[PDB]
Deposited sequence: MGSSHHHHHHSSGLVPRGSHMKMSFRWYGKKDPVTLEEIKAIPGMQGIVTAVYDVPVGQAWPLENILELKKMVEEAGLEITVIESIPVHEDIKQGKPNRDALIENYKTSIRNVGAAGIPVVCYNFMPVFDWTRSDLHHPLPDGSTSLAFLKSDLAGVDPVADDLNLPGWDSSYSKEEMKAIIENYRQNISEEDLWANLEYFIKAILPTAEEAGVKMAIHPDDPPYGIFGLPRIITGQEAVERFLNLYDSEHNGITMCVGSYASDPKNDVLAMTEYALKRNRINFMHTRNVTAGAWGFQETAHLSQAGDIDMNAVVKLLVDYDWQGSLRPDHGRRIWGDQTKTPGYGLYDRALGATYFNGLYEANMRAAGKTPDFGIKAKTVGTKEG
């Protein structure tokens, strides 16, 4: 039966936003984080991981998702030395299972993790936000790897590069008891001459099939998939739930059509995603995992640099999912839990 742990992203010691503050978000249970002192491709030690955990748990919370044991471009590129990098991935996996963290979250997106044309695009209310202006700048080389991809490696070269990968790590993932969750490409389509393959329903279906197991699931990031209208998140989310292969939810809204795309407040009505439908769906399928609001607007004096990762609107995101998850739970004769063990401290009757 259902079990959704409201979660927040936290970059660790050097985060603008603190655990004190994250904890104050009504219903917050999971911290979604990573090790940041180990170079990409290089293998996370247990101590790095337990350091983060000790901090997070003292704050009165738990790490429920490692967001991103990063994939070395060499691996993505399909270069001969991959196995070396892959064996390191296997260690990091083994190490996270060792810390008791249920899920690992990763992308297979070549040289770029995300693309945004404007980082302060105005919205109909004064708040800024990020957008992808299909017009602006677009159609210019970003000023060796890129040319490699552009020239040689096809999408199906990437499909085989990727299957090699997940075929290498999955048994390790299984023994650690860690659920992999592949993060869609963002935007979910070819740019810059680079290829993207994790982009829609057909790909989620081919990907899961790469290695048929729950240890091999997706991170349903509705705002990424829906950054291309060619995509319908609802049937995608459902297909994926019907199949038991969502291991992580992100839940940011986005407005889109043929013109490009722009991130908006989480509220279904502010963008093109019916967020109620999304969580109603998480409800009826007794989904068990974690959800993060993910990405916000710049509202108020918001001084967090690091892009959509300011506290305020992301917090205003979780409490909206609080209302959505709770109302839908009740509607179905289901009793919602938010992990509150005490209303008060020291008073009581």
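- Numbered from the first deposited residue, the unresolved ranges run 1 to 17, 161 to 179, 386.
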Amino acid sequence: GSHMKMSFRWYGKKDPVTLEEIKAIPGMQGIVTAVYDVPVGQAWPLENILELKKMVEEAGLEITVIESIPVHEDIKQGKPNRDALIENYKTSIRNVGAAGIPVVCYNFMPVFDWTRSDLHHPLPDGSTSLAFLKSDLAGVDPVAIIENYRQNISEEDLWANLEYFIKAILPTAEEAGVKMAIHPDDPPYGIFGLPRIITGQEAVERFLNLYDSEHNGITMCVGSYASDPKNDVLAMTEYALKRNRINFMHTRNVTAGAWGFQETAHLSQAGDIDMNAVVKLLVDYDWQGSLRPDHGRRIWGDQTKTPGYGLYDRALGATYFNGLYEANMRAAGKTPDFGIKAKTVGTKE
From here on, numbers count along this sequence of modelled residues.
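- Higher mean CA B-factor, judged across 171 to 179 and 157 to 165 from the recorded values: 157 to 165.
- On average the C-alpha atoms of 113 to 121 have higher B-factors than those of the other stretch, with 245 to 253 and 113 to 121 being the two compared.
- Within the selection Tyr320, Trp287, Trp300, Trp44, the deposited Cα B-factor values reach their highest point at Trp300.
- Annotation for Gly260, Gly223, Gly217, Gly100: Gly260 ranks highest, by Cα B-factor.
- Among the modelled residues of the chain, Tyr89 sits in the middle third by CA temperature factor in this PDB entry.
- Remark: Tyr149 belongs to the highest third of its chain, ranked by C-alpha B-factor as recorded.
- Compared with the other modelled residues of the chain, the Cα B-factor recorded for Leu291 ranks in the lowest third.
- In this PDB entry, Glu238 carries a Cα temperature factor that places it within the lowest third of its chain's modelled residues.
- Per the deposited record, the Cα B-factor of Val345 falls in the highest third when ranked against the other modelled residues of its chain.
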